[PDB]
Each structure stands twice: as structure tokens, then as C-alpha cells.
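What's counted below: heavy atoms across the whole structure, side chains too, no hydrogens, waters or symmetry copies. In what follows, chains carry the letters A, B, and so on, assigned in the order in which the sequence lines appear, proteins first and then strands, with residues in each chain numbered from 1.
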There are 6 protein chains.
Amino acid sequence: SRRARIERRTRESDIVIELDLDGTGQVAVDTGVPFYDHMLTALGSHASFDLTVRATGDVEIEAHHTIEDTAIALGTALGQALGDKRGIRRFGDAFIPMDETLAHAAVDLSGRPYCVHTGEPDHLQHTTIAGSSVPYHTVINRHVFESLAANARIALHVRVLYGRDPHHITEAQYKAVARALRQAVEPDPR
Amino acid sequence: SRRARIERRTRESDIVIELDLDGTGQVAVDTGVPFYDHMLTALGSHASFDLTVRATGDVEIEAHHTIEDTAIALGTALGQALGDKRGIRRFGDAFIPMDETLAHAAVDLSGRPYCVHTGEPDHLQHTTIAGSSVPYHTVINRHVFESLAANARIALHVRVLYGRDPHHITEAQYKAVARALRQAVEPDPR
Amino acid sequence: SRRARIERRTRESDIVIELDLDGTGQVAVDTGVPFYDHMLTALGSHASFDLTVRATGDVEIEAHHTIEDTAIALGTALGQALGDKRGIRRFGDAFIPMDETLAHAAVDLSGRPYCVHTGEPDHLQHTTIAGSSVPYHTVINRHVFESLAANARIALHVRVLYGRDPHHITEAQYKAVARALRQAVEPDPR
Amino acid sequence: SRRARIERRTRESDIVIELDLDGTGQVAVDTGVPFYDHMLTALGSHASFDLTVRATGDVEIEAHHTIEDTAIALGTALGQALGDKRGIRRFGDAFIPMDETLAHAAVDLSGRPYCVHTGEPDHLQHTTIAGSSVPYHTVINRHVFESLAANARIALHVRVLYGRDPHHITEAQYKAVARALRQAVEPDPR
Amino acid sequence: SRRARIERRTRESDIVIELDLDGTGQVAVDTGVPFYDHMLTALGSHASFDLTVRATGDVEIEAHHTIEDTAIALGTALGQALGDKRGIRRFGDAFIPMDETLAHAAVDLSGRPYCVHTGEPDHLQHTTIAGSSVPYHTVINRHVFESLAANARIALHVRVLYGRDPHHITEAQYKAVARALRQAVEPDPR
Amino acid sequence: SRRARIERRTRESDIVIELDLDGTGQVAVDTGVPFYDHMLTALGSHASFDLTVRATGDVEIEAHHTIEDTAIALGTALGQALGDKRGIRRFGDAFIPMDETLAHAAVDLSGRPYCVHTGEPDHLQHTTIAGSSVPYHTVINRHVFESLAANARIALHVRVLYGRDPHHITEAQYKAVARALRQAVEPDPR
Ligand SMILES: [Mn+2]
Ligand SMILES: [Mn+2]
Ligand SMILES: [Mn+2]
Ligand SMILES: [Mn+2]
Ligand SMILES: [Mn+2]
Ligand SMILES: [Mn+2]
Ligand SMILES: [Mn+2]
Ligand SMILES: [Mn+2]
Ligand SMILES: [Mn+2]
Ligand SMILES: [Mn+2]
Ligand SMILES: [Mn+2]
Ligand SMILES: [Mn+2]
Ligand SMILES: [Mn+2]
Ligand SMILES: [Mn+2]
């Protein structure tokens, strides 16, 4: 009913997205950027979507292009899946406490495309989250949220009230977006 | 069931209000102040009220008296329609993203009459919103929210987290009040 | 007994004033500037004068000249009506709370012509109060009080202790002047 | 002629108020909070009311609820006793010097419900006035004046110009309200 | 179904807690500290729990130990009653306007034990709330929220956005925790 | 009825005071300090007293001792003339605009002896008012008001809100005291 399959082939990367807005958290994400995978998994799960993200890109350069194309593709999927947006709550918001971190997100699904991202500590503009694979530069958080809002055609305001740990700050934000989205997309019985 | 008709005749103006708390957004507002109409329409609609506002006043002086009498009358209607306030959610809140603006409202419907309005940029104390008709001075926003809370006998806290455009700042606030109200008035199944 | 009729014909405007100091608030003001009318009505009423103000002027330029000629004419009327000022209270003062606003006025009716106006928020130097007619620039408040004091030959000190709304700030001041005047003009039984 | 009997039964407390606006200072106050009693006695006396306040409440918690219910009940009594407010002075104000303290109050009895409380030294936000009985936290001063104004439907502005002693600061304020009220409620011979 | 009985015997105090998460606000609290009772009653009621708290302690020293043991015991009860936390909303938040005060709370019920308490005015670090019985030092607010979160094994973030009255600041916080908790514990139909 | 004759013989000076509180402004002052005479004349006149002040002192030193003994003697006269202070207004206040100056005074006639003098520009601490005779050092203003309050056993608060001219600042203050006194001493019909 509220589904979308988006394929996005660029010079930089290759994306397939399958999205059901009315899902049960059946989520599989594989972008070649394992922390991004973890964030998008949290996103799909906490928004109660069913979501498959499969992506390959110029990860030898860094994660930027792949992260960005995926977020654009995902936004496009969200917009198409929403259709005419009839009889939905439209507005949604969620607070996410994650240890010392508090993040928040608010959405207007029928509002014109817009993103404002505030409150994220300055050290995230140059922080790297790195494991045994391709690393994730947290400076991209903003870029992800902007690409989502611009391609879904929605108003998306994301806040960090406070926080210290970059993994917590980042995850709380993604989870915040997820549950704001979840509340917004739900049918309104009025 | 939860309805009220209020007539308010002053020297300055003439108000009729018809209010159903359990409506479907059937809203008709005509106060002779077209931006106020637009705000009260957004209010009635987003609160899921059925609302008729019909008002005429000394608009040759300016909109103040008409805007104020209407808000008093509307508050009085809200209070009467609420009755004894039995088995309702009582507390409500809503975030409204509107482009660059984020506004918020929280209500306690059984709390004593009180209004606090914070965060609105300073230039709204002397901003005019003007078309081909009677203009709207945004300095009145505060006055409207105070008159509502005082005459409905409710706690109403309205915040602007940030914003630039006076139409957006103002509308987000009215919409914020509306959805905070909507959540609060709903029956609680507990 | 304490009456005066003043006619004032200038190039800019045309004023007729009828003033009874010992009135009952029978007040009719028509200057072509509806907010000024509202202020002068509050003035006449709250001072317990009987007052007729009829004025036409170069309102296509703006209200300044008409507002100013009227205030001069009204001051002249006040002075003439007062006569030799024998056996009157002479001193008067009044506090006017108007919602968030507190204004105050003090007068010495036998003191030499003098006006001091303090405490009015800065944004009133460029605020406009506008309806469906000729607008009122609040920067003129000072000018009105000065013209009154200078032409009535009285000491008039007008204060705003605090306030936010320009309509409230302005009206409280006019009402403050009115009741200060009322107390001052009353016969002293000593 | 201008009387009211108000009974107020809440979960927190039990209030009976008998009020004659045109009294001779026949005042009896018993709320279980002896400093509050002393303040309300000063209020009734200095306003030249005849006043009986009898109150019992959850004073084991602290005085807040009892103090608040009493002030609400008293405000309601003031409003009802005032009736249509015909031919009264309407405006009133009073300065109260009390040793090193100067306090002031101004009222508009026909003005919409509003309270502004300014100038009280910061240490009163956490000062306790304590004897052999239930103590009085001066932070409640504001709360009392707000409850009065809101339930009497009057404009009430209360100022401390300066002061040091918390008993003096508090008492001067209550006395200030009292005499402002007294002047306002008096018949106007005009 | 979601119940717990906790007995806690320390050298300092003696606590029995009975908790039903799926209650109707049947709440009875008796700790020998009447303001604490009032706060815990508001907590149980506004969270829609059924709650019995019975506590005796070394109240001759002061309320600290009793307040702390009770909060630990209550946290332990909350954790046990929650069980495996299957199919619940998990996240919850609530704004509480209480006159001039605005407080907020957000919870993650499956998040690791953590508490952050911000925004409470400085004077609450040394404010006493006192009646005819054992007094309540508001500096303990933090301590209560920390003990709750640590023993329930939950993330609990409590904010005061602003406020003046210590009774209002404190109560709004407890009520905020209550409704955040209520939303979080509710079954999720997804 | 309310009269007093006070004789005060010190080493420094010689004072006779005759005071009728219920006078018509029949005032004769001769202290050998002509500006003091002018101030005390304004005082007696504006308070509607009948007052005779006759004083000689060590004016070769300067006016201080004579000014001070006279003010003490006058205070003593005021206190004795007031008697038991039965059925009087008790509280009084007056604003005095004098050109650019605004001064104010408030009194409590039954309050314990106290004086607070604020707002007087700093240059009055070393300003001299001089003619063809014995000069007047304005630093004495404070001293006069203190001696009055201490010897009349009254609360007397004197303010300068603003002012420039030392003759105006000083005279407005004396006149302010006078009319505050006048209002206070008047019979209260309640
Ligand atoms: Mn990019
Ligand atoms: Mn993680
Ligand atoms: Mn208004
Ligand atoms: Mn917030
Ligand atoms: Mn719009
Ligand atoms: Mn001019
Ligand atoms: Mn003042
Ligand atoms: Mn008006
Ligand atoms: Mn309260
Ligand atoms: Mn006392
Ligand atoms: Mn401890
Ligand atoms: Mn309480
Ligand atoms: Mn000396
Ligand atoms: Mn002079």
C-alpha cells in the first residue's frame, strides 16, 4: 500500500532501496560503510519501517558519496511511499535519551523541503568513527539529514540538546528522526 | 456533547463563537482582520475543532480590540466546551517545524489560568504583516495567547525555539497551540 | 463656569475644541485619525471632562500636523478653561496599569510650561498603529504631551515604568495624563 | 450591598470567605498559617473591608496549597462583591513605607485579569519566615498576588522600590495592595 | 501481570512497595515525609500506576535516608515490574506546565541506567519546603531521580526549562517523570 | 485642637515653633537662613499648616546648627500636634514636578521613626545656594528630612526621580514632604 522501490545509479555509486512505511522493523542495510549501516538499521527499525538498503560506491575515496547517494535515494523512497499523504498525523517528534546524550527531532511531512540541524558539539565537525572497515566522519550527519529532507520533500528539524560521545550523539539523532517519522506517517483517525 | 456558543458584545466589537471540541476541522473565521482569520483557521483546523468565528469591530482604530475580544470570547468558549474536564488527557504538547522556524506549545487544561510566552525574536515586537486589508501587528501574538489562557482557565506555555520569518514564527505558534490543545482535550482510556 | 471654545485655523489643519473641566465624560472626538480619536476620547473620559474635538487636516501627508494642531488647540483650551486657577488642588498624579504596562503622570497646573517624557521603550520611536484608515505613529506620543503642556502652561511629567504592547503603552499614558489632570483641576476645600 | 460569601472545597484544603467591601476593618483570619493570617489581617484592615477568612488545609505538606486556595477564594470573593463595578473610582494606588522598605501597588478594577510583580530582592525567593507554628516561604508572595488578580479579574501591579527585611518587604506589599484596593472600590461622585 | 512487591530493610529505614504498572491511579504513599508523599502520589497517579508506598526511617536526622531508600526501592520495583520489557513503547516524554514553571522528562526504558538532571534554578540547592512535620530539602530532587534511574535500570533525563516557585519546579518535574514513564511502559501495537 | 508650641534653647541656637495641623497656609518663617526660610515656607504652605518658625543661631559658623535645631524642633512640634493619631489617613504621598525635576515623598505617621532619602544627584553633596545673606549648603537636605522624621516619630521616604537644578531639586522635595504630610494628617471618614 505505502511501498517504494528506488534504484539510483550514479558515477560514484549504486543504490537499491525497498521501503514499506507500514512495516514491522524488518531491516537489512549494506552500504559498505558499517557505521552508516548501523545508523540506517536503527533508523528503519525505530521508525517501524520494513527497509532494504543495498549500496556499493567509491569507498576508496571515502564514504561521503555513498552515504550521500543512499540518503538521497532513501529520501526519494520516503516521498514516493508517502504518496498524496492523505489522512496521516503529518506532524511527529521524538526525544531520544542515550546515556549522557539527549537528541530530538520534529517533522512536518506536508511542509516544504527544509532541514535545520542545531546543537551538535563542535568536535563532531572533525570526529571519525572507525573500525576494521571504511570509517564514518560524523561531519556527514548534517549532510545525511539535509539529503533526506530535500529528497523526501519534508520539514525536518534535528536537535542535540547535549551530549559527549560521538557514537551516542549520532545514534540518538538517527533514532530521533526515526521515531519522529514513525509518529508522522501513522494514520490519523480524525 | 462538548459544544459552546458564545456571544460577546463590547463597545469595541461584536463576537459570535461556535465551538465543537470533537470536530473534523470544519472551520469558518471572519473577523475583518484577514491574517488573524488565517491564524484562527489554522488553530481550529489543526486542533481538529469545528469552529465558527464571526467578528466585527473598531478596525478603523486598528485590529487590537477585535483581535483581543475574539481571543477572550474563544477562550471562554474553550472553557465552557471543556465542562468539568472529566477523563481527558489533560496534558498536551506539539512541535511545529515551519521552514526555518521551530515553535512549541504545552498545555495543562486543569491547571490554573497561566500563560508564558518565550523565545520570539525581538523584531516581532514591532513587525507588521500587511496586505490589501486591515494589517496584523505581530506584537499581538503574546496578547492573543494570554487572553486565550486567561479566559479558558488553562496553563498555556508557548515557545519559539528559533525562526526568522514573522509569518512562519506566528503561524507555527498558532499551529503549536492547536495541536497541544488537540492532544489535551482527547479522551483518556485509563 | 470652567469652559472654553477654541478655533484653530492653520494651513495644515482646521480645529474646533469645546471643553468643560467640570464635566461627566461626555466626549466626542473626530480628527480623521481614528487611533488619535480613541486616545483623546480616553483622555476626555478619564479626566471627567466634557469634550468635543472636531478636526480636519492634511492627512494625505500623514497624521503629524493634525495630531499636533489638535494637541496645541486642546492645550490652549485647557489653559483658558482653568482661568486664574484659584482654589484648585493644583497637583495631580495617576498610575495606570494596563495589562503588562504601567504608566504614570504627574502635573503642576500653576507650574511654568514644561514636559518630561521618560521610560517609553525604544521601539515606539518607529512603531506604527494601523487599521483601515489613517495610521498613528507612536513616535508622536512625546510630541502630543509636549504640545499640551506648552499650550496649557502647565508642568506635565509622563512616565512608562514598563510595558510591551504599543497600544497599551500609549493608552496607559493618555489615561495617566487624564486622571492626573482630573485630580489637579478639582476644587480644594482648604 | 457589596458582600460575598465564598466556600471553596478542594482535595488540598477547605476555605470559607465572608467579605464586605464597605466595612470598618472588622477582620478575622485563621488559615493555620500564622504569618499568612497576619498578612491577610493587614490586607482586610488596611483596605477597610470587613473580612472573615477561615481555612484548613494539608499544612503537613507545607503552606502552599492552603495559601493558594485562600487567595483564589479571596479573589473570587472580591470579584463577586464588586458586582458590575458601577460608579466606582476603578483605579487605585498606594505607597507603603515600612522602616527601610518602600512598596507600591496600583490597580485597575475593570481591567482584564493581570498581575505584574517587580523589584522584590532575590533572597525572598528562598527566605522562610518561621515561628512556633507552620512557616511562611516568601517565594509565595508573587503566587498570592497572581491568584488574587486572576480570580478577582483585575489588573494588579505590585512593586518593591527597595527593602531589606523580609517581614517588612512582604507586609508593605500586602498593605500596598490593601490601600490601592481601598481607593479603587470607593464610590466616585462624578 | 506487571506487578512487583519490594521490601527493603536497611539500618536507616524500612520500605514496602507494591507496584502495578497497568493501574488506574490507585495510590497510597506514607513515608513520614509529607511533601515526599505528595510528590510520590503525583508520580503514581500521573503515571497511571497503582502504587502503595509505606516507609519509616531515621527522620530525626532528616528525610535524606528515607527519601533515598524509598526511591531505590521504587526503582527496583519499576525494574522488576517491567520484566523483559517486550512489546512496549520503550521511549516516553512529557512536558508539564505548572503556572510559571515548565519541566520536561524523557525516558529510554531499555537504555542502560543513566540520569541527567539540568536547568533547575540554583536556589533549589539550598531551599527547604516545610510544614508542620518533617521538612523536604529540594536539593534531594536530583538524588531521587538518580536513585530511580539507577535501580530501575533506565535512561532518565529530567529538565527544568524555567521556573520560580520551588514547589512548582519540584512537582512539575515529578509529574514529568510520571507521564514520560506512563507513555514508555504502554504496549506498542507494532 | 491639633496645635503645638515648642521652644528649643541650645548652645548653638534658639527656636520657637507654633504649629496648627488644620491650618490654611498662614506661614511665617524667619531663621536667619533665607533659603531655609523659603523651603520651610513652602513646607508649611503646601501642607496646609498654620506655622510660625522664629529662629536665631550661630550663623557665623554656618547654617548647619540652626537648620538642624529648627528641623528637630519642627519634628517635635509635628509629633505633639498629632497626639494619639486617631482616625487619620495615616499614609500619604505626593509627586512634585518642578520644571525638569520630579520629586516624591511617602509617609507613615504611625510607623516607627525612619528616613530614607534616595535619588538626589551627587553634585548636591557639595552645592551651595547663595544670595546676599547666609548661604544654604544642599548637603543638608538629607539632614533636615532625617531630623524631621526622628523627632516627629514617623516614617518618611523622600525620592528624587530626576532633576538638574539644585533649587528645583531641593524645593520639589520640601513640597513633596509637605503634601505627603497633608494627605496623611487628614481625618479618615472610615
Ligand atoms: Mn556532498
Ligand atoms: Mn550503537
Ligand atoms: Mn489589549
Ligand atoms: Mn525542548
Ligand atoms: Mn500562512
Ligand atoms: Mn511637529
Ligand atoms: Mn514611582
Ligand atoms: Mn484601546
Ligand atoms: Mn501553586
Ligand atoms: Mn508585622
Ligand atoms: Mn544519599
Ligand atoms: Mn502541590
Ligand atoms: Mn548635624
Ligand atoms: Mn523657589
Side-chain angles (χ1 to χ4, degrees), chain C residues 90-93 104 106-108 110-112 114 116 118 155 157 159, chain D residues 95 97 102 104 161-162, chain F residues 25 27 29 31 33-49 51 53 63-64 67-68 70-72 74-75 78 92-109 114-129 135-152 154-185:
Chain C
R90 180 181 161 178
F91 292 96
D93 85 291
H104 182 250
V107 296
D108 180 2
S110 289
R112 279 91 20 236
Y114 216 96
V116 18
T118 54
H157 291 223
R159 290 188 299 148
Chain D
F95 281 96
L102 220 207
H104 182 250
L161 282 310
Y162 45 79
Chain F
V27 179
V29 177
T31 68
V33 187
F35 184 83
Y36 193 44
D37 294 350
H38 173 36
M39 292 305 94
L40 258 39
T41 304
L43 193 300
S45 185
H46 288 273
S48 212
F49 297 157
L51 172 73
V53 178
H64 190 118
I67 289 177
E68 182 181 352
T70 298
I72 291 164
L74 178 56
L78 179 54
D93 85 291
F95 281 96
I96 306 293
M98 181 149 196
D99 290 359
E100 87 303 334
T101 291
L102 220 207
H104 182 250
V107 296
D108 180 2
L109 290 189
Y114 216 96
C115 182
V116 18
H117 185 226
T118 54
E120 202 181 62
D122 289 334
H123 61 278
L124 266 76
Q125 279 171 21
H126 62 88
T127 287
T128 304
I129 294 172
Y136 179 94
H137 304 120
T138 50
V139 76
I140 205 81
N141 296 165
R142 177 101 98 217
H143 203 351
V144 171
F145 306 137
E146 284 173 345
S147 299
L148 261 175
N151 285 97
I154 62 170
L156 174 62
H157 291 223
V158 178
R159 290 188 299 148
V160 179
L161 282 310
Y162 45 79
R164 187 184 175 275
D165 183 274
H167 187 133
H168 295 165
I169 290 155
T170 302
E171 190 165 343
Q173 284 177 100
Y174 274 92
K175 286 178 180 180
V177 175
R179 294 196 166 255
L181 250 28
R182 178 193 159 161
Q183 188 174 63
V185 303

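- Closest heavy-atom contact between F:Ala42 and F:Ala178: O-CB, 4.2 Å.
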Exercise. Go through the steps for F:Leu181 and F:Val107 under the test side chain to side chain contact (heavy atoms under 4.5 Å, CB included), then give the verdict.
Key: CA-CA 7 Å; F:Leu181 250 28; F:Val107 296; 3.8 Å; yes

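- Scanning for ring pair (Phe, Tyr, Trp, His ring centres under 6.0 Å) contacts around F:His117 gives F:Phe145, with sequence neighbours left out.
- Remark: F:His168 pairs with no residue by the ring pair (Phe, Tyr, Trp, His ring centres under 6.0 Å) rule, at least two apart or across chains.
- Taking CG from F:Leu74 and CZ from F:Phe49, the interatomic distance works out to 8.0 Å, rounded to the nearest 0.5 Å.
- Note that CD1 of F:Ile169 and OG1 of F:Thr138 are 8.5 Å apart. Values are rounded to the nearest 0.5 Å.
- For F:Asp37 and F:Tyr136, the side-chain atoms include no donor-acceptor pair closer than 3.5 Å.
- Between the side chain of F:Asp93 and the backbone N or O of F:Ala105 there is no donor-acceptor pair closer than 3.5 Å.
- Rounded to the nearest 0.5 Å, atoms OH (F:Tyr174) and OG1 (F:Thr41) are 11.0 Å apart.
- Annotation for F:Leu156 and F:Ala149: closest pair CB-CB, 3.9 Å, computed over non-hydrogen atoms.
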Quiz prompt | Candidate pair C:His157 and C:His104, rule ring-ring contact (aromatic ring centres under 6.0 Å, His included), full reasoning | solution = CA-CA 8 Å; C:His157 291 223; C:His104 182 250; 9.9 Å; no

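- In this structure F:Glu171 satisfies the salt bridge (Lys or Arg N to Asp or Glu O under 4.0 Å) test together with F:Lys175, sequence neighbours excluded.
- Residues forming a side-chain contact (heavy atoms from CB on, under 4.5 Å) with F:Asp108 (at least two apart in sequence, or on another chain): D:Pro97, F:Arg90, F:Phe91, F:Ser110, F:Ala155.
- The OG atom of F:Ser147 lies 7.5 Å from the CD1 atom of F:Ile140; values are rounded to the nearest 0.5 Å.
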Quiz item: Should F:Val139 and F:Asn141 be marked as a side chain to side chain contact (heavy atoms under 4.5 Å, CB included) after you check the CA-CA gap, both sets of side-chain angles, and the distance that decides it?
Solution: CA-CA 6 Å; F:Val139 76; F:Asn141 296 165; over 6 Å; no

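- Within the 4.5 Å cutoff, the side chain of F:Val29 has no heavy atoms near those of the F:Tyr36 side chain.
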Quiz item: Given the rule in the ring-ring contact (aromatic ring centres under 6.0 Å, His included) test, do F:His137 and F:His143 qualify, once you have shown the distances and angles that lead to the verdict?
Solution: CA-CA 11 Å; F:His137 304 120; F:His143 203 351; over 10 Å; no

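- Closest approach of F:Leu78 and F:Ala152 over heavy atoms only: CD2-CB, 3.8 Å.
- Nearest heavy atoms, F:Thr101 versus F:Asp165: OG1-O, 4.3 Å.
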Practice problem: Go through the steps to decide whether F:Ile154 and F:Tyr114 satisfy the test side chain to side chain contact (heavy atoms under 4.5 Å, CB included), and finish with yes or no. | Solution: CA-CA 6 Å; F:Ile154 62 170; F:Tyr114 216 96; over 6 Å; no

Exercise. Apply side chain to side chain contact (heavy atoms under 4.5 Å, CB included) to D:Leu102 and F:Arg159, showing your working.
Key: CA-CA 11 Å; D:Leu102 220 207; F:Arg159 290 188 299 148; 4.0 Å; yes

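- Evaluation of the salt bridge (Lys or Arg N to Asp or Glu O under 4.0 Å) test over residues 96-107 of chain F, restricted to residues two or more places apart or in two chains, returns C:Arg112-F:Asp99.
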Table please: side-chain donor-acceptor pairs of residues 118-129 of chain F below 3.5 Å, with sequence neighbours left out.
residue  : atom : partner  : partner atom : Å
F:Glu120 : OE2  : F:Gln173 : NE2          : 2.9
F:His123 : NE2  : F:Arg164 : O            : 3.4
F:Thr127 : OG1  : F:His123 : O            : 2.5

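- One distance of note links CD1 of F:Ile67 with CD1 of F:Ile72; it measures 12.0 Å at 0.5 Å rounding.
- Within the model, atoms CD of F:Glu146 and SG of F:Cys115 stand 5.5 Å from one another, a figure rounded to the nearest 0.5 Å.
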